[PDB]
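The numbers here are math on the coordinates, done by the rules we state, and not lab data. All Cβ positions, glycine included, derive from the backbone under ideal geometry; neighbour counts span all protein chains shown.
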There are 2 protein chains.
Amino acid sequence: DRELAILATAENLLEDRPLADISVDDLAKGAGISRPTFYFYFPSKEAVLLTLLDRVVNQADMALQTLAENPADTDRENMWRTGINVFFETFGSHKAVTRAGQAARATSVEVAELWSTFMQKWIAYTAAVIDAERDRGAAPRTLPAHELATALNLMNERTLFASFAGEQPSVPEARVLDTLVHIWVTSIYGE
Amino acid sequence: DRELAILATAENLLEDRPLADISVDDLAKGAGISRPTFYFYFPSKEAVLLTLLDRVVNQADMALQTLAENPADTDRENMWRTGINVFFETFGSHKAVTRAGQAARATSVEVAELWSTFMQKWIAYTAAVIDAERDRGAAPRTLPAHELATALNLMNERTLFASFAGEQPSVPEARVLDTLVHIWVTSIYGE
Ligand SMILES: CCCc1cc(-c2nc(-c3ccc(C(=O)NCCC(F)(F)F)cc3)cs2)ccn1
Ligand SMILES: CCCc1cc(-c2nc(-c3ccc(C(=O)NCCC(F)(F)F)cc3)cs2)ccn1
């Protein structure tokens, strides 16, 4: 409530400047509370970013779980596109949290562990689907599925986030989903 | 000379701890010089890391130029393996400089611009070879070559460096070259 106001203030300010340049007083002020009232809800501004990242990561995770439970009736290319799109739309809808959360992996063990935990879960699910595709005779047994999954997930992390940040170099945001789908489909189904 | 001693000291200390935990006095002490003598050679410890990274990046760049000028007599898979191997061996021989240099992209515009400049050069060369392969009828015209090149180069940056750092998740270092070659060959030659 005042908690949701603090989180919304932080996400808004992170569009303008880095967490380094945002004070607890900036977050309190934005949320219409005092500094000590802020400390009732969060121990630090770093905790606010951790909560924002945790919400975005869990949103992507629950969207991927929804696909898993409600698979689309489409070809393998459109299937992998639907999965990559969960990450494109979820993180691409929260670019300031994505940028700040990735930067915080350097300084926060809690942010690093959160990111690590979910990447392990997403890679494990990727590998499980590749193994299912191999089991049904649709994909060839080339690389170990978990190693292939790891590299494809790490490609998407770096490529999606470079695109969102407009880094030089980056794939244009309007081309990045097609670019990643090509590489996933050719590497998963290619001999 | 005393310059090479400062650089060798810094590369040695970076194996033990982050640049944050290395003082100018630590570098002077290691190089057998005083603090003011250090400032005769480098303006800051940040400049020392920039020079170390610049040397490693130029080593990889000159190795790739050597391949370009002395192409191996081998199949397309072993050809791309030779190119990725330049980065695997060069950066993998300097893991502390690689780790510290990547971390410094966050805080140093000079490190960020150096990294950006060379990634643009490597992606441009990748695209040029893919276009040559398309021109000779060996590769199909699928994605725009520069967009495919960008994503493959960014995959290698994230995947090689996660492997060297032993991040969770990462591909084991002994498996990462085969993993990347698979994805490059299938995505460049795959319909
Ligand atoms: C089988 C029927 C249900 C189903 C499953 C999928 C799957 N997609 C993925 C996946 C995982 C991670 C990514 C991914 O982008 N990681 C990187 C995450 C980031 F945060 F770093 F970007 C993409 C797809 C894994 S299974 C797609 C469609 N339908
Ligand atoms: C045509 C005959 C000469 C030739 C050329 C190649 C080429 N290889 C690459 C390349 C570029 C970047 C990478 C790469 O790993 N980037 C990422 C760099 C990093 F620093 F981030 F890791 C790999 C291969 C580009 S052309 C290979 C063999 N023989």
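Label point of residue B:25 (7 Å along Cα→beta-carbon): distances to the other copies' equivalent points are 3.4 nm, sorted ascending.
Across all directions, the average projected area of the convex hull around the alpha carbons of the range A:1-44 is 2.6 nm². Expressed in Å, the radius of gyration and Dmax of the Cα atoms of the protein assembly as shown are 22.6, 71. Spatially, the range A:37-58 and the range B:139-161 are offset by 36 Å when compared through their Cα centroids.
What does the net charge come to around residue A:121 if you take all other residues with beta carbon closer than 15 Å to its beta carbon, with K and R at +1 and D and E at -1? Charge balance near residue A:121 sits at -4.
Neighbouring Cβ atoms from other chains, within 10 Å of the Cβ of residues in B:162-168, number 3 on average.
When residue B:124 is represented by a point 7 angstrom out along its Cα-to-C-beta vector, the spacings to that point in the other copies are 4.5 nm, nearest first. Restricted to Cα atoms, the range A:1-147 shows a radius of gyration and a Dmax of 19.0, 62 angstrom.
Between residue A:69 and residue B:135, the simple label model (points 7 Å from Cα in the Cβ direction) yields a spacing of 5.4 nm.
Shown for residue B:43: label points 7 Å from Cα along the beta-carbon vector, and their distances to the equivalent points in the other copies, 3.9 nm in ascending order. When a/c is below 1.5 the answer is rounded, else prolate if a/b is larger than b/c, else oblate, so apply that to the range B:99-190 with a ≥ b ≥ c taken from the square roots of the Cα gyration tensor eigenvalues. Oblate, because a/c is 1.5 or more while a/b does not exceed b/c. Working note: 222 nm ellipticity from helices only, DSSP H runs with n ≥ 4, each -39,500 (n - 2.57), summed and divided by the residues of chain B, gives -25000 deg cm²/dmol to the nearest 500. Per-residue extension of 0.36 nm, minus the Cα-Cα distance of residue B:93 and residue B:106, leaves a gain of 2.4 nm for this segment.
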